[PDB]
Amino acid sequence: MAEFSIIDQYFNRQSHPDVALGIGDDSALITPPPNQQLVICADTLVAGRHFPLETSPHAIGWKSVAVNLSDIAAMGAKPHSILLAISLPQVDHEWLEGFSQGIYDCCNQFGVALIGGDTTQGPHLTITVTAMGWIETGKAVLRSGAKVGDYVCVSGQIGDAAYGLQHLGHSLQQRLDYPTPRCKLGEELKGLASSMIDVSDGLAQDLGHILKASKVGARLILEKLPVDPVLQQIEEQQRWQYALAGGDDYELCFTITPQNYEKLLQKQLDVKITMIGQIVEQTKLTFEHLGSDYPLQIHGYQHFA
């Protein structure tokens, strides 16, 4: 099987009648919802860098979509559609079947259409998904906007995926392979969060982008960081390195006034939310453990580091 047959078999599997023009032409066409801005992002996953080489193709497909929906969610936007650019060295039908099932399972979970892409023979498995969302004009939640006194919160748990990576085969590998983009939470934070970012690199570094953009700092409370029971039972310095510098969480970190936090707590959310600290004037990220200053060195993720 060659390119065109591969696209028709694996990447044109569903009807999306609410899309003006899907797969089959030089470009896709989307009629915007009225009074909304386009929200758009792209993230690349490289085999052996963003996932273990032995990762199941279904997980690879899932995560390729999920990490991009996470950046849409981080703006407060509603995700709509994706493009899929996949480059791989050989036609492997078992692999293509699993991969495309992963793409579509993630798309279907979050109501997203696959409307276009590019299919390429290349020496090393590389996937770039583009995600498209829409938001009420002017209402995006930015990385700027955090104010002194705002609570710092994070969704779900942090550190799971990083622990999983260092313990392949452990149950927590599921959080590495199958992160959950917090799509509904992102939408529910529109109008409530004063700033937001998704946690791809590690809580400390990604919160750091908010702190820099907003020209503020934060004090975080280590015993409040939401970690898995498994990490609660390991050495605390190791625990907090996973939680704060592990990365691969794809949770949402956001700031919010006490006032708006009470409003948020009144909503029915599909993920837990944990208040983990507060924005301060001092432009430094500091940590405390049960009332005591806690010195902590955190190495962040960067390509070519």
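We number the residues from 1 along the sequence you see.
Relative to one another, 238-246 and 49-57 have unequal mean CA B-factors, and 49-57 is the one with the higher figure.
As listed in the deposited structure, the average C-alpha B-factor of 181-189 and of 90-98 is greater for 90-98. Within the selection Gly208, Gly133, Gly122, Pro226, the deposited Cα B-factor values reach their highest point at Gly122.
As recorded in the entry, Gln109 carries the highest CA temperature factor of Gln109, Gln157, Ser81, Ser195. When all modelled residues of the chain are sorted by CA temperature factor, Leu285 is found within the lowest third. In the deposited entry, the Cα temperature factor of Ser200 sits in the bottom third of values across the chain's modelled residues.
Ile256: CA B factor in the middle third of modelled residues in this chain (values from the PDB entry).
Sorting the modelled residues of the chain by their CA temperature factor places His170 in the highest third.
Per-chain ranking of the deposited C-alpha B factor places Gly217 in the middle third.
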